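Asks: Protein chains in written order, with full-length UniProt numbering: chain A, 1 to 70; chain B, 1 to 201, 217 to 318; chain C, 1 to 33, 48 to 113; chain D, 41 to 196; chain E, 93 to 302; chain F, 37 to 212; chain G, 2 to 97.
Backbone N, C-alpha and C fix where the C-beta goes; we use that ideal spot for every residue, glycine too.
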Amino acid sequence: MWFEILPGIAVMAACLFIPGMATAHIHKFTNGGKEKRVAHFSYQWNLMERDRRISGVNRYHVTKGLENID
Amino acid sequence: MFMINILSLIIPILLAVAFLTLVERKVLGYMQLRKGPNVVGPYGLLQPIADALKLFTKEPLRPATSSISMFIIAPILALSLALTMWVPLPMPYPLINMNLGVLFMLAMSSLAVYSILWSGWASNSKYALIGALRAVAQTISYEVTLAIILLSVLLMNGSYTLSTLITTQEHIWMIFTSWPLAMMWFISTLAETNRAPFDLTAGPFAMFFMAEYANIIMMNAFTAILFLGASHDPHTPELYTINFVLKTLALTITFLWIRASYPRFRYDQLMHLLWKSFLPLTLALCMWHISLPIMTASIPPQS
Amino acid sequence: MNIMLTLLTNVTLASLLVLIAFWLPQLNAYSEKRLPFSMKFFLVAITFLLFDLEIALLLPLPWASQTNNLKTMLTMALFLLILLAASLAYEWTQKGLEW
Amino acid sequence: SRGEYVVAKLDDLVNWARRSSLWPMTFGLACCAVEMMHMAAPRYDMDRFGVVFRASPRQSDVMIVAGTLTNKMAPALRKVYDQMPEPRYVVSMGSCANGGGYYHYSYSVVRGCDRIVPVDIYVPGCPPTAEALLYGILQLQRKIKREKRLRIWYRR
Amino acid sequence: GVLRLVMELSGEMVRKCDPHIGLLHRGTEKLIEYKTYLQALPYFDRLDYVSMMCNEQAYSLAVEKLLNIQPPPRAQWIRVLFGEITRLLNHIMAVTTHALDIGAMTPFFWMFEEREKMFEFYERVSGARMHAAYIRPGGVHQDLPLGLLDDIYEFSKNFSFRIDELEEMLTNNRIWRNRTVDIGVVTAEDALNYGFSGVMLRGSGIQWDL
Amino acid sequence: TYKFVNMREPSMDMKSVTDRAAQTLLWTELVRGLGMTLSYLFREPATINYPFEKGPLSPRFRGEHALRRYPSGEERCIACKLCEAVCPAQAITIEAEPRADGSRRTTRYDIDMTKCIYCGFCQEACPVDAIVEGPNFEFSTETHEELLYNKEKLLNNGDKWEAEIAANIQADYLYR
Amino acid sequence: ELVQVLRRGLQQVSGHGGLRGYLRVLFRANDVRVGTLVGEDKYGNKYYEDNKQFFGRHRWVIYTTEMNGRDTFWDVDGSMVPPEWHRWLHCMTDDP
Ligand SMILES: CCCCCCCCCCCCCCCCC[C@@H](O)O[C@H](CO[C@H](O)CCCCCCCCCCCCCCC)COP(=O)(O)OCC[N+](C)(C)C
Ligand SMILES: CCCCCCCC/C=C\CCCCCCCC(=O)O[C@H](COC(=O)CCCCCCC/C=C/CCCCCCCC)COP(=O)(O)OCCN
Ligand code: SF4
Ligand code: SF4
Ligand code: SF4
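1) Taking beta-carbon pairs under 8 Å, can you tell me which members of the region 272-303 of chain B lie near chain F?
2) Once the 5 residues before and after B:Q47 are set aside, which same chain residues still bring their CB inside 7 Å of it?
3) Quick one: what does DSSP say E:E156 is sitting in, helix, strand or coil?
4) Leaving out five residues on either side along the sequence, give the residues of the same chain with a beta carbon under 7 Å from the beta carbon of C:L111.
5) Determine the burial state of B:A236: buried for a count of at least 16 other Cβ atoms within 10 Å of its Cβ, exposed for fewer.
6) Among the residues of its own chain, which have a CB less than 7 Å from the CB of F:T143, if the five just before and after it don't count?
7) Which residues mark the beginning and the end of the alpha helix (DSSP H) in which D:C136 is found?
8) Is the beta carbon of D:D52 within less than 6 Å of some heavy atom of ligand 1?
9) Should E:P163 be labelled buried (16 or more other beta-carbon atoms within 10 Å of its own) or exposed?
10) Counting only Cβ pairs nearer than 8 Å, list the residues of chain D close to B:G36.
11) With a Cβ-Cβ cutoff of 7 Å, do B:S152 and B:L106 count as a contact?
12) Compute the beta-carbon to beta-carbon distance between E:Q149 and E:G175, rounded to the nearest angstrom, for a pair I have assumed lies under 8 Å.
13) Whole angstroms is fine: what's the gap from F:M48's alpha carbon to E:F200's?
14) In angstroms, rounded to a whole number, what distance separates the CA positions of D:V150 and B:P219?
15) In chain F, which residues lie with their C-beta within 7 Å of the C-beta of A:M12?
16) Would you say B:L95 and A:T63 are within 7 Å of each other, going by their C-beta atoms?
17) Report the partner residues of G:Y49 according to the DSSP bridge assignment.
18) Check whether the Cβ atoms of E:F211 and E:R221 lie closer than 7 Å to each other.
19) Which stretch, first to last residue, makes up the alpha helix (DSSP H) that contains F:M72?
20) If we count the other Cβ atoms within 10 Å of its Cβ and call it buried at 16 or more, is B:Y160 buried or exposed?
21) Consider the C-beta atom of D:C153 and the heavy atoms of ligand 3; say whether any pair is separated by less than 6 Å.
22) Answer with buried or exposed for D:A73, where buried requires no fewer than 16 other C-beta atoms within 10 angstroms of its C-beta.
23) Quick check on the DSSP output: what are the complete alpha helix (DSSP H) runs of length 4 or more inside the region 133-199 of chain F, in order along the chain?
24) Report the rounded CA-to-CA distance for C:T9 versus C:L16, giving the unit in angstroms.
25) Is the shortest distance between the beta-carbon of D:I161 and the beta-carbons of chain F less than 7 Å?
26) Using 7 Å as the limit for Cβ to Cβ distance, is E:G297 near chain D?
27) Since G:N46 contacts G:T65 with CB under 8 Å, what's their CB separation in whole angstroms?
28) With C-beta atoms as the reference, is F:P107 less than 7 Å away from B:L33?
29) May I ask you to report which of helix, strand or coil DSSP gives D:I156?
30) Is the beta carbon of D:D51 less than 7 Å from the beta carbon of D:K188?
31) Would you call D:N138 buried or exposed, if buried means 16 or more other Cβ atoms sit within 10 Å of its Cβ?
32) Out of curiosity, what's the CA-to-CA distance linking E:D301 and D:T108?
33) Leaving aside the five residues before and after B:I68 along the sequence, list all residues of the same chain whose C-beta is less than 8 Å from its C-beta, in chain order.
34) Per DSSP, what kind of secondary structure is B:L45 in: helix, strand or coil?
35) In terms of residues, what are the limits of the alpha helix (DSSP H) holding G:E85?
36) For A:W2, go through chain F and note every residue whose CB falls closer than 7 Å to its CB, in chain order.
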């Protein structure tokens with residue numbers, strides 16, 4: 001009957017699942033467990049560069065909180 | 001790990017277009033009171049693999065007099081463009097984030113016709129060249145209205161960034177804000193990919224088939240993101256991914272349904288359809304969508 | 001750089017996979033044995063080119079809407095669309111869209 | 041050793057691929073084409089075997105000659121056969137294609153399509169029922185399964 | 093079938109059309125002269141091979157007219173019943189292949205299911221699915237089996253809905269209209285002069301039916 | 037009596053005009069055809085599982101030929117040559133002579149199954165029910181030569197299929 | 002409802018002698034239906050019917066895995082049915 005179409009569609013679905021999620025997970029892995037910082041307009045690029053310089057490890061996602069104010 | 005991301009975007013799309021062929025056969029078979037392939041594999045699941053193996057094993061028919069250069073270039077360009085279209089799309093987060101993502105997709109679609117042109121010119125046959133000319137004319141004609149409809153829709157988004165379309169539609173889909181433009185977009189995406197009722201036209220042949228089916232799936236993903244805005248929660252993006260994929264699958268099965276449902280247009284009939292029914296209404300609705308945010312003081316944020 | 005790498009990967013995969021498709025069946029042994051120039055096609059190509067140019071003019075509309083001169087921008091946008099419609103109407107009435 | 045095992049397995053894979061997706065073109069010359077279309081109907085549904093309906097001559101695997109072959113038609117049949125990729129087979133359907141049949145003693149009829157092209161399977165009948173043609177297609181599939189190209193190349 | 097067509101085109105418009113036929117000329121008429129009347133009956137099954145018993149009926153009527161005999165009433169009723177069944181078969185084939193060539197292709201399957209049922213009716217009566225050779229120049233070859241009329245009635249009381257589904261797919265569809273409406277117009281005088289008959293006459297308004 | 041198929045006049049009042057315009061703009065008949073195809077997807081397919089399931093046949097079905105014989109074990113054919121005289125396609129060749137016991141029996145009985153048109157005239161001309169056209173239809177062949185049956189092949193066919201051939205003749209002979 | 006069709010699927014799995022027989026019939030006959038056994042054949046064929054299926058699908062045969070001299074696990078064809086079961090299976094009679 002018609003539900004025998006569902007297997008193949010499922011496989012298709014699984015394939016279309018893989019890219020999106022993968023990107024998200026990779027964006028979590030390469031940005032310290034948080035969302036990848038998007039930078040249009042060149043002001044928030046400046047913010048990213050300032051974060052990179054402040055971190056001291058040359059990584060923008062290594063955040064320095066209030067405990068670093070001394 | 002960017003190469004892993006590129007590969008994890010590319011390979012699943014090729015597998016999905018391999019199994020779309022199987023799904024299409026199954027859906028048309030059941031719409032025609034029969035069954036699709038259900039012998040090769042448990043439920044026809046090994047049919048795409050057998051198809052691919054047979055095609056890649058069969059002898060290729062080189063014209064023996066054609067320009068080998070363009071003959072091989074056309075499938076390369078077609079498949080490369082079909083794969084490149086998937087880079088910009090946000091599912092929820094895009095592989096490549098670009099400021100002018102929509103315009104990039106339009107530019108790649110615009111290039112997509114050189115494969116048709118070069119294949120027709122390199123076939124060394126008058127009739128094949130004439131067919132390629134008709135196909136190219138139809139393609140450019142409908143991509144005109146695609147561009148106009150797309151900018152008219154993006155007038156409620158504020159930019160060409162694809163990601164913002166997720167923010168624009170957190171409370172309501174864009175299908176409700178402009179359904180006429182959505183209907184016209186759907187028809188023009190039918191006519192772009194040479195699908196019914198607009199389909200008037217071994218190795219490299221499989222390449223072209225792969226590129227065309229990937230283009231269809233990407234067109235549906237673009238349509239789902241543009242008009243059917245899924246809810247995105249930053250702390251669990253897989254929900255957005257599932258919604259977006261389900262909507263894309265529904266729209267692709269809608270192409271298959273339309274193919275099984277309808278006769279096909281004549282060439283002059285579809286050209287007249289565009290130039291005398293879609294273009295005037297597209298211009299009218301572009302005017303309406305320029306005016307509307309100003310009249311209602313609902314201009315989108317980003318500038 | 002990321003976009004360059006992505007394009008290079010896409011084109012490289014397409015090239016290699018087309019090449020394996022075109023050389024796998026050539027390792028085994030086998031037998032190995048105009049004028050008319052329709053004017054309407056040229057006319058539709060030219061019409062597409064002209065409408066494409068006017069669409070290029072219309073493309074900066076999403077950013078045009080934040081100007082503080084909303085009346086002037088609205089007048090100019092509607093004027094461009096009026097001329098688009100006028101071009102379409104003129105080509106329609108002079109039998110330029112027939113087959 | 042393993043040299044014969046690997047070629048046997050690879051040949052099995054290639055045979056399964058080739059016979060699990062047969063794309064035919066049909067010269068619907070005469071009324072045997074009606075039973076050919078009834079084999080594509082819902083009841084028998086050739087597509088469910090991987091045998092698609094009406095493939096192009098350029099990407100067709102098997103030629104099905106279903107109908108009377110006249111002298112005026114034989115050059116076109118041979119030309120279309122000549123323009124098929126190499127792993128190609130011919131199926132003769134019905135009496136007219138098999139040996140001339142009811143028009144055997146006619147001045148304008150070719151006394152069998154095998155005077156023109158080599159034929160792999162003969163399907164007898166006037167017309168062969170759609171089920172008989174399906175049996176012939178499956179017999180051709182078994183014949184393909186029986187062939188062994190890599191072993192022959194290995195031993196030569 | 094198989095057709096060769098030579099056409100002179102100016103643009104897209106067809107300026108001249110010339111069909112070349114004879115690709116299926118087997119020489120039936122000359123071969124008939126070497127057979128008896130019974131031996132020559134089966135050729136008419138193959139003549140128009142979508143409406144078989146209609147050709148059989150025409151041949152039988154001619155031979156009966158020359159023989160100065162008439163079939164029994166039940167034979168005539170069976171002949172007319174199977175002629176109407178054959179008309180259903182032919183019209184299904186014609187309409188659905190017309191749609192298929194246009195590009196619809198779904199009613200083709202929908203109605204070849206019914207065509208297979210009618211082939212089963214042909215098979216039950218004569219042992220052959222299409223070339224029955226059932227209608228002879230003296231009546232019919234054999235009587236109906238004891239359950240045939242019930243099955244014919246059962247088949248025929250659902251067929252109207254199949255026609256209705258075909259009409260839903262085709263009749264009002266605007267693409268079908270624009271493919272078919274005002275195409276191939278023929279006037280009544282030109283239809284009569286050119287030797288047309290059947291629907292080709294009645295499509296132009298001529299009231300004629302044999 | 038006659039009917040008009042296309043002699044309808046569209047109503048020109050505002051409501052009808054608006055209905056036609058709404059059909060043109062919103063594609064109502066296109067959606068209705070979509071609905072028809074959708075409904076047709078959700079019903080059971082008519083496909084049978086060949087070769088594990090078979091299409092229905094009849095006792096009158098014509099198939100591969102056979103030569104029958106009497107219950108005593110002697111062949112029915114008496115070389116009367118009526119099947120050869122009536123064959124529309126001239127597929128039957130027969131040669132006979134007196135047997136060692138004076139019996140009238142064939143020495144050659146060939147059917148060219150590539151000339152046969154499976155009309156059944158041969159089995160209805162035979163007065164002793166010797167030649168029959170039996171139920172078998174799955175006998176496709178890989179060479180042209182195996183479709184030229186001689187007397188041994190047809191006798192083997194008869195001895196192979198006798199049970200079902202006799203059952204079908206029993207079911208159908210009262211209609212002849 | 003939907004739970005009912007699921008239970009019918011599970012009964013259909015169980016009626017083939019377990020998962021092994023279920024997969025055997027799935028990969029051999031491309032169909033896993035269960036019907037009443039009608040008869041056994043001296044060559045090993047099994048015959049089943051189910052009067053609730055529509056005409057054509059209401060009788061079927063499971064071919065043997067070894068006929069006269071060849072392995073018939075995959076290479077099955079319709080010429081393997083003996084004439085009496087041939088007459089029953091092709092619906093020329095109601096009497097097995
Ligand atoms: C991962 C690397 C990829 C490299 C390229 C390879 C492409 C992908 C490889 C995967 C292919 C899948 C093969 C699965 C085939 C099994 C199908 C099975 O059902 O066949 C059965 C048995 O068929 C054959 O006996 C099995 C042949 C399968 C292949 C044998 C060994 C191949 C392994 C080689 C792998 C090495 C790859 C190296 C090259 C790159 C019976 O089917 P069949 O009889 O037909 O149909 C009868 C239908 N009935 C039953 C209803 C009557
Ligand atoms: C108070 C403020 C209001 C502001 C104004 C807004 C009001 C808008 C009201 C009217 C808008 C309606 C316009 C919709 C588009 C109509 C275009 C059209 O009419 O084209 C058709 C043709 O369209 C087609 O037939 C295309 C068919 C192609 C096959 C597709 C089948 C359709 C069903 C598919 C489902 C569509 C799915 C859309 C949603 C997808 C979401 C992504 C006309 O063709 P003809 O009848 O031949 O007329 C020519 C002579 N006059
Ligand atoms: S082979 Fe027999 S059934 Fe087929 S067209 Fe010729 S006469 Fe008719
Ligand atoms: S088979 Fe019958 S009709 Fe033919 S020669 Fe023998 S006895 Fe006579
Ligand atoms: S069935 Fe007809 S053509 Fe065939 S042998 Fe008998 S009489 Fe001759």
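Replies: On the basis of the coordinates in this document:
1) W272, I273, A275, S276, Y277
2) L22, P37, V40, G41
3) helix
4) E105
5) buried
6) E131, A132, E133
7) 134-139
8) yes
9) buried
10) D87, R88
11) no
12) 6 Å
13) 37 Å
14) 38 Å
15) Under the 7 Å cutoff, chain F gives no residues; its nearest Cβ is about 18 Å from A:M12.
16) no
17) G:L38, G:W61
18) yes
19) 64-77
20) buried
21) no
22) buried
23) 157-161
24) 10 Å
25) yes
26) no
27) 5 Å
28) no
29) coil
30) yes
31) buried
32) 33 Å
33) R62
34) coil
35) 84-90
36) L77, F78
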